[PDB]
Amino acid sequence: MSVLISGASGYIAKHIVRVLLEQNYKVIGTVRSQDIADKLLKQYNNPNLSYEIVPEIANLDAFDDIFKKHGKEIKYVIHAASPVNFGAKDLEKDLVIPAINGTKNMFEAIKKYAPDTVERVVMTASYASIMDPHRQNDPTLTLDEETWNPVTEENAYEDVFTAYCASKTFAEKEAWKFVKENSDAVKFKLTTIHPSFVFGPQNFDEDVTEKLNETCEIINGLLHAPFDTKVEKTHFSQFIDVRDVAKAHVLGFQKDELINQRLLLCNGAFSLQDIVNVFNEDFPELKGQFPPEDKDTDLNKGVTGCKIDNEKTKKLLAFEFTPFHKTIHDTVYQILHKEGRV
């Protein structure tokens, strides 16, 4: 009844491991190096938690060693390892290749060593593999759980963001392709989670460092920006709380109605100024120490960009999502409380 989760040191995965441990699961996480494993084991301080070392998912057969040693005992797999680096130097190598190869390596290791053992696979895809990056401010476009990013390998490398979205899209394509062709060879059922911009507090307060993970560094950077910094007010994208994402991942392998499902995790439109407005609204004693408030955003006049039809996802998950104001507030409080300012 064990749960294996790849990339267990990331922002989202650290919340997934907490949720798995709260439900008294035996968890095997994969991390790059021994020192990361040593710090995480000390942080969780839980006998049910162990870590295996996978230093690079892009590389041939990266996950056979785990299923070599642990195959008999692994019942669920959560494939969350994928690079989120909007400062990538080499778009293929740093985003596309690890995303695709990591997913291919994980599924082949299951097929080779635990074909009749693993029951469910929950893969962390992205809203990026459902949305169209060129049409996020298009109110005529409606996105649901069957929509696909139309990006091609030809136009995937427009910039670092389109490359990341293509890496998520191409990786999820390979996963579903693997499932359709190996349906009689392997036993497991596949579920994919598609979060948008994930905000929320870090699972551990001490992980609040100078530079956070990419999406939460959006909030952190704005929180420490000079007062005269330009903040955009036009519609940016969709958000989701990290605690909702972690919860959805665990339900992904417990609930039979989530089998063969793509789960679109969004809970509202926002701009960078709407985030800044939470700084000024919830912590007014620090007004002037970050960009000022301005209620005149796209969101506040009803402009929310492309339509999100995830009623199927919300129905199947059957739990309520965390609203935007609370998500940003909990993120900001953790940083300010860590700095000793509130």
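Residue positions are given as counts along the sequence shown, with the first one as 1.
Q: Tell me which stretch has the larger mean Cα B-factor in this entry, 56 to 64 or 270 to 278.
A: Stretch with the greater average CA B-factor: 56 to 64.
Q: Tell me which stretch has the larger mean Cα B-factor in this entry, 6 to 14 or 319 to 327.
A: Taking the mean C-alpha B-factor of 6 to 14 and of 319 to 327, the larger value falls to 319 to 327.
Q: Select one of 202, 183, 126, 237: the residue whose C-alpha shows the highest B-factor in the crystal structure entry.
A: Most elevated C-alpha B-factor of the set, per the entry: 183.
Q: Looking at 99, 141, 88, 242, which has the highest CA B-factor as recorded?
A: Top of the list by C-alpha B-factor: 88.
Q: Would the CA B-factor of residue 310 place it in the lowest, middle or highest third of its chain?
A: For residue 310, whose C-alpha B-factor we compare with every modelled residue in the chain, the answer is the lowest third.
Q: With respect to C-alpha B-factor, does residue 46 fall in the lowest, middle or highest third of the chain as deposited?
A: CA B-factor rank for residue 46: middle third.
Q: Taking the chain's C-alpha temperature factors as the reference, tell me which third residue 300 falls into: lowest, middle or highest.
A: Highest third, going by the recorded CA B-factors of the chain.
Q: By the recorded C-alpha temperature factor, relative to the other modelled residues in its chain, which third is residue 195 in?
A: For residue 195, whose C-alpha B-factor we compare with every modelled residue in the chain, the answer is the lowest third.
Q: Would you mind ranking residue 1 by its C-alpha B-factor against the rest of the chain and naming the third, lowest, middle or highest?
A: It belongs to the highest third of the chain when residues are ordered by C-alpha B-factor.
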